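Since the structure comes first, as structure tokens, the remarks are kept for the end.
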Amino acid sequence: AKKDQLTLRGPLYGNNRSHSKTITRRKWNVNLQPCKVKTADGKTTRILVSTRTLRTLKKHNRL
Amino acid sequence: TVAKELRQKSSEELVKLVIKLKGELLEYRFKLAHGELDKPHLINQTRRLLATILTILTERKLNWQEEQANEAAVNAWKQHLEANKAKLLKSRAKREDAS
Amino acid sequence: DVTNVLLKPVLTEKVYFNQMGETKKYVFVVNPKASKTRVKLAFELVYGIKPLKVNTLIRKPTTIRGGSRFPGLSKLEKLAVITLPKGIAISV
Amino acid sequence: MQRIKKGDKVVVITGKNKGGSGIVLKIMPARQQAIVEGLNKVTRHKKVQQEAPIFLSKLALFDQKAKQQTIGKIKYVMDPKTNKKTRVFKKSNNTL
RNA sequence: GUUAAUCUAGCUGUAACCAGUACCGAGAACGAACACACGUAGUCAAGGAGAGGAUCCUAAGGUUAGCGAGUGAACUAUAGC
RNA sequence: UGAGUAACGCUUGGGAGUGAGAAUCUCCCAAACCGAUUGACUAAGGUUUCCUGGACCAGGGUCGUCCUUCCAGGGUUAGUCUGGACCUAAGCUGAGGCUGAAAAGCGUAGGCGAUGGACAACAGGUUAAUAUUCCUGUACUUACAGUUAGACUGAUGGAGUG
RNA sequence: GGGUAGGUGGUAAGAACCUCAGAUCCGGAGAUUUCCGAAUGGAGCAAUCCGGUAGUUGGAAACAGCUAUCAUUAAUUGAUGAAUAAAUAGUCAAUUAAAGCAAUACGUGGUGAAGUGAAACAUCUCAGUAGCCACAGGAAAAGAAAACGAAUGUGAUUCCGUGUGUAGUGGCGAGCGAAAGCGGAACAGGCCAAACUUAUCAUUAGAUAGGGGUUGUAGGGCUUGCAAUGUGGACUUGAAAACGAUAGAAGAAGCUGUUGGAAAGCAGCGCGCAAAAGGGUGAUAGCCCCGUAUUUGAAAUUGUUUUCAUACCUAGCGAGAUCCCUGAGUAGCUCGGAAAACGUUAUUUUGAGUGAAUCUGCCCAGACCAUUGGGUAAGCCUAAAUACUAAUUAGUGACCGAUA
Ligand SMILES: [Mg+2]
Ligand SMILES: [Mg+2]
Ligand SMILES: [Mg+2]
Ligand SMILES: [Mg+2]
Ligand SMILES: [Mg+2]
Ligand SMILES: [Mg+2]
Ligand SMILES: [Mg+2]
Ligand SMILES: [Mg+2]
């Protein structure tokens with residue numbers, strides 16, 4: 001699954017409304033990056049996490 | 001004719017009754033296979049009998065199974081093995097004489 | 001050892017032809033799932049003669065009653081013949 | 001109960017036979033038939049005088065305790081103090 | 001493993017389970033809508049002449065090609081000339 | 001209606017018998033094709049079509065006392081044969097796992113998967129129908145204990161062979 | 001328990017029995033419930049094959065009977081344990097849940113066409129329709145205002161009529177089509193986070209379990225007093241009672257004649273009614289039968305309601321003052337898209353980026369600013385009216401009556 005693991009925010013499906021307004025179905029994929037994390041039992045883990053939650057992790061100092 | 005079976009030894013006499021009913025039911029059916037069964041109505045009854053008895057040994061917590069806890073036949077088998085001795089002995093003697 | 005594996009004997013001309021010999025091959029029909037070990041143990045504990053050899057065949061079902069507006073199917077049965085030593089013979 | 005039981009006398013109200021008093025032998029309650037002895041003897045031609053069933057509507061019980069051996073209806077409502085359900089004639093009081 | 005297990009050779013005894021096993025295997029039982037001139041893996045494969053499983057005739061064995069009986073015109077197919 | 005027209009899809013002659021009825025069925029005798037086959041054994045398939053007795057609505061390109069049709073009764077017998085209980089190939093499935101909006105897809109260990117590898121039975125006879133299966137005669141194998149003698153065995157793994 | 005006098009299911013006569021010591025039958029509750037099948041010991045060509053483990057019986061032993069257990073995954077608990085010393089991954093064990101099916105119906109959610117219309121066609125419509133897929137449920141979803149929107153105003157949601165085919169929107173073409181307001185069915189609003197306080201965690205707590213507190217004419221906490229013992233339910237256990245559902249019991253009244261195969265018709269003289277609904281009976285029956293109206297009744301199982309007790313939750317008016325709290329990668333802003341009636345626009349959502357404030361606040365009243373006025377997001381829960389009926393029971397039809 002190309003959704004992240006902390007939350008489950010998945011792709012968003014929309015239209016590729018070009019000039020002259022021809023419609024074409026298209027997908028938006030979340031930005032996934034392999035940044036680490038540290039749990040409160042040790043067990044440092046590597047999880048595919050999206051960037052929006054990466055910022056939240058960065059400010060709550062969960063690394 | 002069931003309360004007259006509850007009162008019986010609902011633990012142990014019923015097991016002997018069950019084995020007797022199975023045996024005589026088997027011999028009934030065998031008699032039915034050939035001729036000489038002149039009361040074909042006895043089968044339906046005897047099966048009908050067991051249906052009650054097991055129904056008791058199932059209401060009580062027990063089982064029909066595990067309650068268990070040749071006049072000239074032996075002579076005929078002895079003759080068979082003796083003939084096998086004779087044939088085997090005759091065969092061995094011919095093999096050892098040949099060599 | 002329920003001896004529910006001796007359903008019935010079959011009496012045919014072939015059975016008499018084979019039976020009047022010396023080996024005295026009886027025949028029975030047994031539970032379709034039964035096996036030769038269970039058959040011979042059952043014979044031991046129903047009559048009292050430890051049998052010599054046991055043979056089993058099965059008659060696969062076929063069409064029965066042919067064309068009669070309600071055609072049907074026959075019965076799947078396992079016939080086991082039971083052999084006995086030379087000097088012994090019992091009845092059913 | 002049942003208006004007609006095996007054994008009791010009974011007569012015919014309608015049909016080719018009138019006042020054909022006789023005894024009942026068999027009753028088939030599922031198909032509403034009765035087999036009254038001495039009535040509707042049809043000469044079977046087997047390839048014999050076996051009877052022919054008569055529907056329970058035609059039949060009617062036969063009073064035998066009144067001087068006028070006439071025909072009447074039946075009550076069941078009489079449950080005698082020392083008895084179970086019984087049959088009693090409406091235009092009389094004669095059990096069975 | 002020795003305070004003997006395990007194997008080898010022999011003697012006595014015991015046991016050897018489950019399904020298949022018929023018949024057809026094709027100019028009438030299979031695949032072709034059929035008792036349809038078609039198709040379908042492998043095996044056995046006699047004698048004379050012959051290089052041979054070719055070719056002609058026969059053997060072991062096996063079949064009566066499930067409409068006939070006539071006549072012997074035109075005409076058609078097939079052979080012969 | 002076309003029409004009682006085309007068609008009836010490779011082959012004979014007779015004697016005796018049966019039967020109400022015969023070209024058509026049973027027997028006999030010839031005759032004519034097959035013979036690297038129309039013969040004999042089996043795999044694949046099909047699923048009782050097999051054997052005996054009976055019947056002749058329908059099916060049979062005619063008829064029929066007869067059929068591979070119909071009806072009643074019957075027949076298939078394994079330590080060694082084909083396959084499981086042993087083995088694996090292509091490949092299939094596939095715990096965890098990887099990837100994928102969803103279903104699913106990919107795939108590791110394991111497991112399946114013969115058309116192949118390894119494994120011990122021959123001859124003859126018998127019934128209407130079965131036969132390395134039943135029977136007769138002679139055999140071998142793989143386990144199990146108990147026993148006599150000898151010997152220290154030596155695998156879930158390594159090697160050789162296969 | 002009911003219930004009588006026959007019965008052993010239909011093509012079904014005969015044969016052999018059971019039964020009026022109360023069978024069959026009918027209703028409630030039970031037990032048995034081979035094999036495959038989510039299929040789950042391991043396989044597999046579905047309904048077959050091959051087993052392990054622990055007991056017991058037989059046997060000298062293989063071996064065979066007879067019992068129970070043996071899938072995976074997730075959570076929790078315990079044990080064990082790597083490269084690496086400790087630790088985690090992993091492995092083993094124990095307990096508890098589901099995995100599937102179907103009512104071709106209804107609900108939500110994801111994804112999502114084309115035919116066709118436009119007299120062609122791409123924007124558009126068909127259409128967020130069909131289909132595929134996940135997920136339940138007896139109904140679901142939604143929901144208690146950062147609202148409507150123009151006023152001395154309404155006061156959760158849902159559903160019906162109307163507003164209206166309106167205001168608008170649309171290659172301003174085809175077409176699409178509300179939100180207010182109004183009349184109605186039904187009506188309930190509750191609870192956490194955080195301030196503060198308690199106990200304990202090498203108390204580095206920034207964590208665990210309590211108290212307390214729930215918001216807008218702003219509220220609550222913090223300091224201090226008065227009045228309270230009570231309604232109230234979105235609700236736990238018992239007891240009692242009522243009314244039902246599942247077998248059933250009683251249940252009025254007629255003879256005569258003619259045609260006639262048979263009269264129940266037709267005709268004569270009667271009769272009964274809380275029953276002239278219906279079905280059968282040799283032809284069209286109120287009175288031949290079976291029922292119906294009516295009056296009744298349950299050992300056992302089950303439903304709705306009510307009463308009494310029973311927990312948990314729940315209650316009110318004031319005084320002090322720069323005290324503290326009032327849901328952060330959040331609301332916005334930007335780039336691409338969409339839901340909304342609107343073809344992108346206030347409002348609402350978001351894949352990417354950036355990013356605030358704290359009652360003198362924040363948002364809103366179709367771009368926007370000021371004034372005035374309304375409401376307090378960024379946390380949760382919620383019966384009722386509503387949609388649907390393959391199913392059980394009673395019944396209906398200006399519905400079909402064997403090419404329907
Ligand atoms: Mg051919
Ligand atoms: Mg060939
Ligand atoms: Mg040759
Ligand atoms: Mg040739
Ligand atoms: Mg002509
Ligand atoms: Mg002509
Ligand atoms: Mg012609
Ligand atoms: Mg404005």
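Numbering starts fresh at 1 for the residues of each chain in the structure tokens, the chains themselves are lettered A, B, ... in the order given, and ligands are numbered from 1 as they appear.
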
>> What parts of chain A does DSSP call strand (DSSP E or B)? I'd like the answer as a PyMOL selection string.
In response: chain A and resi 12-15+25-28+32-33+36-40+42-46+49-50

>> Hey, which residues sit close to ligand 3? Say within 9 Å, counting only C-alpha atoms (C1' of nucleotides) and all ligand atoms, and write them as a list in words.
In response: residues 46, 47, 52 and 53 of chain E; 35 and 36 of chain F

How close does chain E get to range 55-73 of chain C? List, as a Markdown table, each residue of chain E within 12 Å, its nearest atom pair and the distance in Å to one decimal, counting only C-alpha atoms (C1' of nucleotides).
| residue | atom | partner | partner_atom | distance |
| --- | --- | --- | --- | --- |
| E:18 | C1' | C:56 | CA | 11.3 |
| E:19 | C1' | C:58 | CA | 10.0 |
| E:20 | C1' | C:57 | CA | 10.2 |
| E:21 | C1' | C:57 | CA | 9.3 |
| E:22 | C1' | C:59 | CA | 10.2 |

>> If we count only C-alpha atoms (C1' of nucleotides) and set the cut-off at 9 Å, which residues sit around range 34-39 of chain B, ignoring sequence neighbours fewer than 3 positions away in its own chain? Please answer as number ranges by chain.
In response: B: 28-31, 42-43; C: 9-11, 92; G: 16-17

Preceding selection exported with N, CA and C atoms (P, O5', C5', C4', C3', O3' and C1' of nucleotides) as a PDB file, in the first residue's frame:
ATOM      1  N   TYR B  28     -30.721 -61.127  12.724  1.00  0.00           N
ATOM      2  CA  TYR B  28     -31.979 -60.860  12.035  1.00  0.00           C
ATOM      3  C   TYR B  28     -31.740 -60.462  10.590  1.00  0.00           C
ATOM      4  N   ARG B  29     -30.874 -59.479  10.366  1.00  0.00           N
ATOM      5  CA  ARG B  29     -30.662 -59.009   9.005  1.00  0.00           C
ATOM      6  C   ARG B  29     -30.102 -60.121   8.129  1.00  0.00           C
ATOM      7  N   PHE B  30     -29.194 -60.927   8.676  1.00  0.00           N
ATOM      8  CA  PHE B  30     -28.677 -62.059   7.915  1.00  0.00           C
ATOM      9  C   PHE B  30     -29.782 -63.037   7.559  1.00  0.00           C
ATOM     10  N   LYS B  31     -30.661 -63.349   8.513  1.00  0.00           N
ATOM     11  CA  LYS B  31     -31.802 -64.197   8.193  1.00  0.00           C
ATOM     12  C   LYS B  31     -32.647 -63.580   7.089  1.00  0.00           C
ATOM     13  N   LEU B  42     -39.670 -57.511  13.006  1.00  0.00           N
ATOM     14  CA  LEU B  42     -38.804 -57.459  14.176  1.00  0.00           C
ATOM     15  C   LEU B  42     -37.645 -56.495  14.007  1.00  0.00           C
ATOM     16  N   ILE B  43     -37.213 -56.233  12.776  1.00  0.00           N
ATOM     17  CA  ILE B  43     -36.101 -55.312  12.559  1.00  0.00           C
ATOM     18  C   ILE B  43     -36.475 -53.910  13.009  1.00  0.00           C
TER      19      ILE B  43
ATOM     20  N   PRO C   9     -24.987 -60.981   3.306  1.00  0.00           N
ATOM     21  CA  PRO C   9     -24.400 -61.922   2.358  1.00  0.00           C
ATOM     22  C   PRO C   9     -25.173 -61.924   1.050  1.00  0.00           C
ATOM     23  N   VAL C  10     -24.496 -62.363  -0.003  1.00  0.00           N
ATOM     24  CA  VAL C  10     -25.094 -62.471  -1.326  1.00  0.00           C
ATOM     25  C   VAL C  10     -25.005 -63.922  -1.770  1.00  0.00           C
ATOM     26  N   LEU C  11     -26.112 -64.452  -2.273  1.00  0.00           N
ATOM     27  CA  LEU C  11     -26.201 -65.848  -2.681  1.00  0.00           C
ATOM     28  C   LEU C  11     -26.435 -65.904  -4.184  1.00  0.00           C
ATOM     29  N   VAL C  92     -24.788 -68.989   7.857  1.00  0.00           N
ATOM     30  CA  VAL C  92     -25.299 -67.694   8.277  1.00  0.00           C
ATOM     31  C   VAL C  92     -26.667 -67.848   8.925  1.00  0.00           C
TER      32      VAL C  92
ATOM     33  P     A G  16     -49.494 -62.275   6.594  1.00  0.00           P
ATOM     34  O5'   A G  16     -48.555 -61.496   7.623  1.00  0.00           O
ATOM     35  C5'   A G  16     -47.144 -61.784   7.683  1.00  0.00           C
ATOM     36  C4'   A G  16     -46.413 -60.769   8.530  1.00  0.00           C
ATOM     37  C3'   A G  16     -47.099 -60.379   9.835  1.00  0.00           C
ATOM     38  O3'   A G  16     -46.836 -61.312  10.877  1.00  0.00           O
ATOM     39  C1'   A G  16     -46.353 -58.436   8.705  1.00  0.00           C
ATOM     40  P     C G  17     -47.564 -61.161  12.302  1.00  0.00           P
ATOM     41  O5'   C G  17     -46.825 -59.923  12.980  1.00  0.00           O
ATOM     42  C5'   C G  17     -47.547 -59.072  13.891  1.00  0.00           C
ATOM     43  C4'   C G  17     -46.875 -57.728  14.007  1.00  0.00           C
ATOM     44  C3'   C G  17     -47.488 -56.767  15.017  1.00  0.00           C
ATOM     45  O3'   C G  17     -46.941 -56.978  16.314  1.00  0.00           O
ATOM     46  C1'   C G  17     -47.243 -55.658  12.948  1.00  0.00           C
TER      47        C G  17
END

>> Please identify all protein, DNA and RNA residues within 9 Å of ligand 7, counting only C-alpha atoms (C1' of nucleotides) and all ligand atoms, and report them as a ChimeraX atom specification.
In response: /F:5-7

> Excluding same-chain residues fewer than 4 positions from residue 7 in chain D, what lies within 9 Å of it counting only C-alpha atoms (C1' of nucleotides), as a ChimeraX atom specification?
Replying inline: /D:23-26

Go ahead and write the selection's residues with C-alpha atoms as a compact mmCIF listing (two decimals), in the first residue's frame.
# COMPACT_ATOMS: atom_id res chain seq x y z
CA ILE D 23 -72.68 -50.87 11.02
CA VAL D 24 -69.50 -48.94 10.27
CA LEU D 25 -66.19 -50.80 9.97
CA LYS D 26 -63.44 -48.46 8.73

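Neighbours of ligand 1 at a cut-off of 10 Å, computed so that only C-alpha atoms (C1' of nucleotides) and all ligand atoms are counted, are the residues residues 26, 27, 37, 38, 39 and 40 of chain E.
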
> Excluding same-chain residues fewer than 2 positions from residue 1 in chain C, what lies within 10 Å of it counting only C-alpha atoms (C1' of nucleotides), as JSON, numbers by chain?
Replying inline: {"B": [65], "C": [3, 4, 5, 38, 39, 41, 42, 43, 44, 45, 46], "G": [65, 66]}

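Straight-line separation from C1' of residue 377 in chain G to atom 1 (Mg, counted along the ligand's line) of ligand 8: 20.7 Å.
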
I want to know what sits within 12 Å of range 122-126 of chain F, based on only C-alpha atoms (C1' of nucleotides), with residues of the same chain fewer than 3 positions away left out; could you give that as a PDB file with N, CA, C and O atoms (P, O5', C5', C4', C3', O3' and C1' of nucleotides), in the first residue's frame?
ATOM      1  N   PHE C  17     -20.754 -72.110  -6.634  1.00  0.00           N
ATOM      2  CA  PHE C  17     -19.717 -72.805  -7.385  1.00  0.00           C
ATOM      3  C   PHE C  17     -18.380 -72.737  -6.665  1.00  0.00           C
ATOM      4  O   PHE C  17     -17.665 -73.741  -6.591  1.00  0.00           O
ATOM      5  N   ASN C  18     -18.027 -71.574  -6.128  1.00  0.00           N
ATOM      6  CA  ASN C  18     -16.768 -71.458  -5.407  1.00  0.00           C
ATOM      7  C   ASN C  18     -16.819 -72.070  -4.016  1.00  0.00           C
ATOM      8  O   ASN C  18     -15.782 -72.514  -3.517  1.00  0.00           O
TER       9      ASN C  18
ATOM     10  P     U F  80       0.771 -56.298  -4.664  1.00  0.00           P
ATOM     11  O5'   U F  80       2.080 -56.662  -5.477  1.00  0.00           O
ATOM     12  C5'   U F  80       3.251 -55.883  -5.310  1.00  0.00           C
ATOM     13  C4'   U F  80       4.387 -56.553  -6.020  1.00  0.00           C
ATOM     14  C3'   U F  80       4.080 -56.976  -7.456  1.00  0.00           C
ATOM     15  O3'   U F  80       5.211 -56.728  -8.277  1.00  0.00           O
ATOM     16  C1'   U F  80       4.766 -58.851  -6.183  1.00  0.00           C
ATOM     17  P     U F 130     -14.073 -63.523 -18.916  1.00  0.00           P
ATOM     18  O5'   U F 130     -13.465 -62.989 -17.564  1.00  0.00           O
ATOM     19  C5'   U F 130     -13.609 -61.618 -17.219  1.00  0.00           C
ATOM     20  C4'   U F 130     -12.989 -61.292 -15.889  1.00  0.00           C
ATOM     21  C3'   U F 130     -11.523 -61.635 -15.698  1.00  0.00           C
ATOM     22  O3'   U F 130     -10.672 -60.530 -16.049  1.00  0.00           O
ATOM     23  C1'   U F 130     -12.806 -62.473 -13.884  1.00  0.00           C
ATOM     24  P     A F 131     -10.097 -60.349 -17.561  1.00  0.00           P
ATOM     25  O5'   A F 131      -8.544 -60.509 -17.296  1.00  0.00           O
ATOM     26  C5'   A F 131      -8.032 -61.818 -17.139  1.00  0.00           C
ATOM     27  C4'   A F 131      -7.511 -62.031 -15.741  1.00  0.00           C
ATOM     28  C3'   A F 131      -6.209 -62.837 -15.665  1.00  0.00           C
ATOM     29  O3'   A F 131      -5.126 -61.903 -15.733  1.00  0.00           O
ATOM     30  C1'   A F 131      -7.749 -63.493 -13.968  1.00  0.00           C
ATOM     31  P     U F 132      -3.874 -62.076 -16.719  1.00  0.00           P
ATOM     32  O5'   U F 132      -2.822 -62.816 -15.795  1.00  0.00           O
ATOM     33  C5'   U F 132      -2.526 -62.245 -14.515  1.00  0.00           C
ATOM     34  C4'   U F 132      -1.595 -63.145 -13.776  1.00  0.00           C
ATOM     35  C3'   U F 132      -1.572 -62.966 -12.259  1.00  0.00           C
ATOM     36  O3'   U F 132      -1.343 -64.204 -11.574  1.00  0.00           O
ATOM     37  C1'   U F 132       0.593 -62.592 -13.142  1.00  0.00           C
ATOM     38  P     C F 134      -5.310 -64.305  -5.418  1.00  0.00           P
ATOM     39  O5'   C F 134      -6.428 -65.275  -5.942  1.00  0.00           O
ATOM     40  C5'   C F 134      -7.786 -65.037  -5.582  1.00  0.00           C
ATOM     41  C4'   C F 134      -8.706 -66.198  -5.945  1.00  0.00           C
ATOM     42  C3'   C F 134      -8.135 -67.590  -5.786  1.00  0.00           C
ATOM     43  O3'   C F 134      -8.316 -68.073  -4.460  1.00  0.00           O
ATOM     44  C1'   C F 134      -9.016 -67.385  -7.954  1.00  0.00           C
ATOM     45  P     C F 135      -7.199 -69.050  -3.820  1.00  0.00           P
ATOM     46  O5'   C F 135      -7.060 -70.260  -4.861  1.00  0.00           O
ATOM     47  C5'   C F 135      -8.133 -71.197  -4.856  1.00  0.00           C
ATOM     48  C4'   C F 135      -7.803 -72.402  -5.679  1.00  0.00           C
ATOM     49  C3'   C F 135      -6.423 -73.021  -5.521  1.00  0.00           C
ATOM     50  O3'   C F 135      -6.429 -73.935  -4.431  1.00  0.00           O
ATOM     51  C1'   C F 135      -6.934 -72.776  -7.799  1.00  0.00           C
ATOM     52  P     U F 136      -5.071 -74.487  -3.799  1.00  0.00           P
ATOM     53  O5'   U F 136      -4.318 -75.203  -4.995  1.00  0.00           O
ATOM     54  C5'   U F 136      -4.719 -76.519  -5.395  1.00  0.00           C
ATOM     55  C4'   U F 136      -3.788 -77.077  -6.444  1.00  0.00           C
ATOM     56  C3'   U F 136      -2.301 -77.025  -6.138  1.00  0.00           C
ATOM     57  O3'   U F 136      -1.838 -78.060  -5.288  1.00  0.00           O
ATOM     58  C1'   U F 136      -2.655 -76.247  -8.318  1.00  0.00           C
ATOM     59  P     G F 137      -0.588 -77.774  -4.316  1.00  0.00           P
ATOM     60  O5'   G F 137       0.604 -77.523  -5.327  1.00  0.00           O
ATOM     61  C5'   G F 137       1.106 -78.587  -6.151  1.00  0.00           C
ATOM     62  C4'   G F 137       2.355 -78.171  -6.892  1.00  0.00           C
ATOM     63  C3'   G F 137       3.360 -77.408  -6.048  1.00  0.00           C
ATOM     64  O3'   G F 137       4.190 -78.272  -5.289  1.00  0.00           O
ATOM     65  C1'   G F 137       3.091 -76.325  -8.153  1.00  0.00           C
ATOM     66  P     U F 138       5.031 -77.691  -4.077  1.00  0.00           P
ATOM     67  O5'   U F 138       5.980 -76.626  -4.768  1.00  0.00           O
ATOM     68  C5'   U F 138       7.218 -77.062  -5.336  1.00  0.00           C
ATOM     69  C4'   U F 138       7.851 -75.946  -6.130  1.00  0.00           C
ATOM     70  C3'   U F 138       8.460 -74.797  -5.349  1.00  0.00           C
ATOM     71  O3'   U F 138       9.720 -75.136  -4.817  1.00  0.00           O
ATOM     72  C1'   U F 138       7.249 -73.928  -7.160  1.00  0.00           C
ATOM     73  P     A F 139      10.326 -74.263  -3.640  1.00  0.00           P
ATOM     74  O5'   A F 139      10.672 -72.906  -4.379  1.00  0.00           O
ATOM     75  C5'   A F 139      10.069 -71.746  -3.845  1.00  0.00           C
ATOM     76  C4'   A F 139      10.470 -70.515  -4.621  1.00  0.00           C
ATOM     77  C3'   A F 139      10.844 -69.301  -3.773  1.00  0.00           C
ATOM     78  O3'   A F 139      12.196 -69.385  -3.337  1.00  0.00           O
ATOM     79  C1'   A F 139       9.319 -68.633  -5.442  1.00  0.00           C
ATOM     80  P     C F 140      12.667 -68.702  -1.986  1.00  0.00           P
ATOM     81  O5'   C F 140      12.617 -67.128  -2.264  1.00  0.00           O
ATOM     82  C5'   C F 140      13.392 -66.582  -3.338  1.00  0.00           C
ATOM     83  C4'   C F 140      13.017 -65.150  -3.654  1.00  0.00           C
ATOM     84  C3'   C F 140      13.019 -64.183  -2.483  1.00  0.00           C
ATOM     85  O3'   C F 140      14.313 -63.675  -2.193  1.00  0.00           O
ATOM     86  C1'   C F 140      11.014 -63.901  -3.700  1.00  0.00           C
TER      87        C F 140
END

>> What parts of chain C does DSSP call alpha helix (DSSP H)? I'd like the answer as number ranges by chain.
In response: C: 13-19, 36-46

Any chance you could export the current selection's N, CA, C and O atoms as a JSON list (two decimals), in the first residue's frame?
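Final output, saved to result26.json:
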[["chain", "number", "residue", "atom", "x", "y", "z"],
["C", 13, "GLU", "N", -25.07, -67.98, -8.10],
["C", 13, "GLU", "CA", -24.55, -69.24, -8.62],
["C", 13, "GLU", "C", -23.04, -69.29, -8.51],
["C", 13, "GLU", "O", -22.47, -70.35, -8.21],
["C", 14, "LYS", "N", -22.36, -68.16, -8.72],
["C", 14, "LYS", "CA", -20.91, -68.13, -8.61],
["C", 14, "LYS", "C", -20.47, -68.45, -7.19],
["C", 14, "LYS", "O", -19.48, -69.16, -6.98],
["C", 15, "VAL", "N", -21.19, -67.92, -6.20],
["C", 15, "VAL", "CA", -20.80, -68.14, -4.82],
["C", 15, "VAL", "C", -20.91, -69.62, -4.46],
["C", 15, "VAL", "O", -20.04, -70.17, -3.79],
["C", 16, "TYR", "N", -21.99, -70.28, -4.90],
["C", 16, "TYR", "CA", -22.12, -71.71, -4.66],
["C", 16, "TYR", "C", -21.05, -72.50, -5.39],
["C", 16, "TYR", "O", -20.51, -73.48, -4.87],
["C", 17, "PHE", "N", -20.75, -72.11, -6.63],
["C", 17, "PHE", "CA", -19.72, -72.80, -7.38],
["C", 17, "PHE", "C", -18.38, -72.74, -6.67],
["C", 17, "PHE", "O", -17.66, -73.74, -6.59],
["C", 18, "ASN", "N", -18.03, -71.57, -6.13],
["C", 18, "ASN", "CA", -16.77, -71.46, -5.41],
["C", 18, "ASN", "C", -16.82, -72.07, -4.02],
["C", 18, "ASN", "O", -15.78, -72.51, -3.52],
["C", 19, "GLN", "N", -17.99, -72.12, -3.39],
["C", 19, "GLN", "CA", -18.13, -72.54, -2.00],
["C", 19, "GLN", "C", -18.07, -74.05, -1.83],
["C", 19, "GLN", "O", -17.56, -74.53, -0.82],
["C", 36, "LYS", "N", -9.99, -54.28, 4.72],
["C", 36, "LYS", "CA", -9.84, -55.71, 4.92],
["C", 36, "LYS", "C", -9.47, -56.04, 6.36],
["C", 36, "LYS", "O", -9.91, -57.06, 6.90],
["C", 37, "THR", "N", -8.67, -55.19, 7.00],
["C", 37, "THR", "CA", -8.33, -55.43, 8.40],
["C", 37, "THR", "C", -9.57, -55.41, 9.28],
["C", 37, "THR", "O", -9.79, -56.33, 10.08],
["C", 38, "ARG", "N", -10.40, -54.37, 9.15],
["C", 38, "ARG", "CA", -11.63, -54.32, 9.93],
["C", 38, "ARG", "C", -12.55, -55.48, 9.58],
["C", 38, "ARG", "O", -13.19, -56.05, 10.47],
["C", 39, "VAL", "N", -12.62, -55.86, 8.30],
["C", 39, "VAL", "CA", -13.50, -56.96, 7.91],
["C", 39, "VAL", "C", -13.08, -58.25, 8.58],
["C", 39, "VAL", "O", -13.92, -58.98, 9.13],
["C", 40, "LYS", "N", -11.79, -58.57, 8.56],
["C", 40, "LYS", "CA", -11.37, -59.85, 9.12],
["C", 40, "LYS", "C", -11.44, -59.85, 10.64],
["C", 40, "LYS", "O", -11.78, -60.87, 11.24],
["C", 41, "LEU", "N", -11.18, -58.71, 11.28],
["C", 41, "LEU", "CA", -11.38, -58.66, 12.72],
["C", 41, "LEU", "C", -12.85, -58.82, 13.08],
["C", 41, "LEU", "O", -13.20, -59.50, 14.06],
["C", 42, "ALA", "N", -13.74, -58.20, 12.30],
["C", 42, "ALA", "CA", -15.16, -58.34, 12.55],
["C", 42, "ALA", "C", -15.60, -59.78, 12.38],
["C", 42, "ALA", "O", -16.38, -60.30, 13.17],
["C", 43, "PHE", "N", -15.09, -60.45, 11.34],
["C", 43, "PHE", "CA", -15.42, -61.86, 11.16],
["C", 43, "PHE", "C", -14.94, -62.68, 12.35],
["C", 43, "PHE", "O", -15.67, -63.55, 12.83],
["C", 44, "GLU", "N", -13.74, -62.40, 12.84],
["C", 44, "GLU", "CA", -13.25, -63.09, 14.02],
["C", 44, "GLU", "C", -14.21, -62.95, 15.19],
["C", 44, "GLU", "O", -14.51, -63.93, 15.88],
["C", 45, "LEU", "N", -14.70, -61.74, 15.43],
["C", 45, "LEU", "CA", -15.54, -61.51, 16.60],
["C", 45, "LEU", "C", -17.03, -61.66, 16.35],
["C", 45, "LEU", "O", -17.82, -61.36, 17.26],
["C", 46, "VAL", "N", -17.46, -62.10, 15.17],
["C", 46, "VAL", "CA", -18.86, -62.39, 14.94],
["C", 46, "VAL", "C", -19.14, -63.88, 14.87],
["C", 46, "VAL", "O", -20.21, -64.33, 15.29]]

>> Env of residue 169 in chain G: 8 Å cut, atoms = only C-alpha atoms (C1' of nucleotides), seq-sep filter 4 positions within chain, self excluded. Answer as a ChimeraX atom specification.
In response: /G:176,341-342

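Nearest-residue note for chain C: choosing from B:19, B:89, B:76, B:2, the minimum distance belongs to B:76, counting only C-alpha atoms.
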
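The chain A residues that come within 9 Å of chain F are residues 1, 2, 10, 11, 12 and 13 of chain A, with only C-alpha atoms (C1' of nucleotides) taken into account.
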